[PDB]
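One chain follows as structure tokens, the form deposited in one PDB entry.
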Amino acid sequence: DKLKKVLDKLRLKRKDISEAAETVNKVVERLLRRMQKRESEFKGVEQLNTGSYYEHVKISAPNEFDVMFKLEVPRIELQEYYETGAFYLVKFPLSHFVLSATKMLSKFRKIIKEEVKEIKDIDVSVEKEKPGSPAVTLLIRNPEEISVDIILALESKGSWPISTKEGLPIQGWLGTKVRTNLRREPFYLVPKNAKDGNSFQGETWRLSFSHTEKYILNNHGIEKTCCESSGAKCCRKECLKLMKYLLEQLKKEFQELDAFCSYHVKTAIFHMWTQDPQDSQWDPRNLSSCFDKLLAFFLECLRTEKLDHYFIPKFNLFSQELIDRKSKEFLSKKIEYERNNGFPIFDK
């Protein structure tokens, strides 16, 4: 009854979805046109929508949209940066860019920013660039505030990089056929736009599997009929929404939680879904246990400082390198706290 009532609150309204979509769609379609019918280095860029709005796990409002502009590049040689798993250098139109991530992002951003100056019917500007974000972010204003991330991506049609050989461990959940077919899809690369000063900073790209993640979110049962009109509904997505909301609310309240992001929750629940594959373990009537064993799984990840990338097993999103220890026990007490008092933060 409690968690159900929070999910009613988190539910997007049909009207809000329509108003945001037609304005987001107007901007994106025009932006896509410039990079094409104009003689840019990005002629051939194709649009692939990603993230929580398109996975139907957006909460609260339709105010954040993520779009990948992906560009096929033939026979690129990858070269893994210092064994990290997820970061690579790229080698062999694009001549003006070893292919520089920053050099290519800047021209892309230049093109976007120019075309936004020519938009006269929508209140839209280009947010100032952020370190560590490969996106060019639009800030739109219907009366309400909407944010669009335009992510630049390379598309390689080759065998996936060796670092993912043990990745995507869906074999007992979605199976070997699904896994083999998914690994036949392209894979993508996006700028590592960190501004730390470390060595190969400006030429490093990151592996992206947002297209695989979207398929999983929408094909998430061991039974083919899970959540379909002739199957049984499960509560896998509601748990992800609840865990996203609890992290959102904690991040509003505490600046110490700044190094956490919803992707950490997304990754943790891919692992849960793999360890509890049966749809009956995500039955709607057990929403509380499910949310709770998700909380405990997430605290075990904090306590051991271990949360491996679902596709890149050796890449630990929870290493000392990315999140100082103390940041983690801060989140652990805060989370054990909400847990052991019936989630007060959910009433605000």
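Each residue number is its position in the shown sequence, starting from 1. Rigid core: the largest C-alpha set superposing within 1.5 Å between the two forms.
- The deposited sequence places no unmodelled residues between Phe87 and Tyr88, so the chain runs continuously there.
- Count the deposited residues lacking coordinates between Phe92 and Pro93 and you get 4 to 9 of them.
- In this crystal structure, the stretch out of 198 to 206 and 273 to 281 whose C-alpha atoms carry the higher mean B factor is 198 to 206.
- Of the two segments examined, 47 to 55 and 29 to 37, it is 29 to 37 that shows the higher average Cα temperature factor in the deposited entry.
- As recorded in the PDB entry, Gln255 shows the highest C-alpha B-factor of the residues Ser159, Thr225, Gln255, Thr137.
- For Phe42, the recorded CA B-factor ranks within the highest third of the chain. Only modelled residues enter the ranking.
- Per the PDB record, residue ranking by Cα B-factor puts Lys130 in the highest third of the chain.
- Per-chain ranking of the deposited C-alpha B factor places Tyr215 in the lowest third.
- In the PDB entry, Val73 places in the highest third of its chain by CA B-factor.
- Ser106 sits in the middle third of its chain by CA B factor, as recorded in the PDB entry.
Just so you know, the form deposited in another entry exists too; it's not on screen, but the next bit is about it.
- Per-residue Cα shift between this form and the one not shown after core alignment stays below 2 Å for all of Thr274, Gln249, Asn193, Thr267 except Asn193.
- In the other form, the Cα positions of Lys107 and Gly197 lie at least 3 Å farther from each other than in the form displayed.
- Whereas the shown form places them at one spacing, the Cα atoms of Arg75 and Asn198 lie at least 3 Å farther apart in the other form.
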